[PDB]
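Before any comments, here is the structure.
Position 1 is the first residue of the sequence; numbering continues from there.
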Amino acid sequence: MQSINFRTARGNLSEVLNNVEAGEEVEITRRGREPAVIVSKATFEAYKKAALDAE
């Protein structure tokens, strides 16, 4: 699941990364605070990398 509150993220990070590796983009939302996204490093490094232009 790609939406997970703060309490559900830390309370279960073990499973959280397991499914990230697998690899879901998991979103860690907090009460009043901006939303986050935990995605596998391997993958974001590629999102980031494609960011290329114009070479």
Side-chain angles (χ1 to χ4, degrees), residues 1-3 5 7 9 11 13-33 35-51 53-55:
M1 160 97 234
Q2 40 134 44
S3 183
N5 41 215
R7 178 206 334 136
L13 202 76
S14 169
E15 336 286 2
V16 153
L17 290 333
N18 289 211
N19 275 136
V20 160
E21 148 142 59
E24 204 63 90
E25 346 200 298
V26 166
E27 183 163 324
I28 291 174
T29 76
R30 18 227 293 277
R31 217 156 97 246
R33 283 287 268 163
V37 196
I38 174 157
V39 56
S40 75
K41 165 172 162 192
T43 301
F44 172 75
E45 265 307 290
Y47 294 142
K48 213 154 131 109
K49 173 166 166 81
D53 43 273
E55 298 76 46

Discussion item. Minimum heavy-atom separation for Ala9 and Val16, please, with both atom names.
Written reply: O-CG2, 3.9 Å

Fill in: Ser40 versus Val20, closest heavy-atom pair with distance
N-CG1, 3.3 Å

Worksheet entry | Distance-minimising heavy-atom pair for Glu27 and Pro35 | OE2-CB, 3.3 Å

Discussion item. Apply side-chain contact (heavy atoms from CB on, under 4.5 Å) to residues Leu17 and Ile38 and explain how you reach the verdict.
Written reply: CA-CA 8 Å; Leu17 290 333; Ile38 174 157; 3.4 Å; yes

Worksheet item: Once you round to the nearest 0.5 Å, how far does OG1 of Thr29 lie from CD of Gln2?
Response: 11.5 Å

Response to the item:
Taking every heavy atom of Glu25 against every heavy atom of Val37, the minimum-distance pair comes out as CB-CG1, 4.1 Å

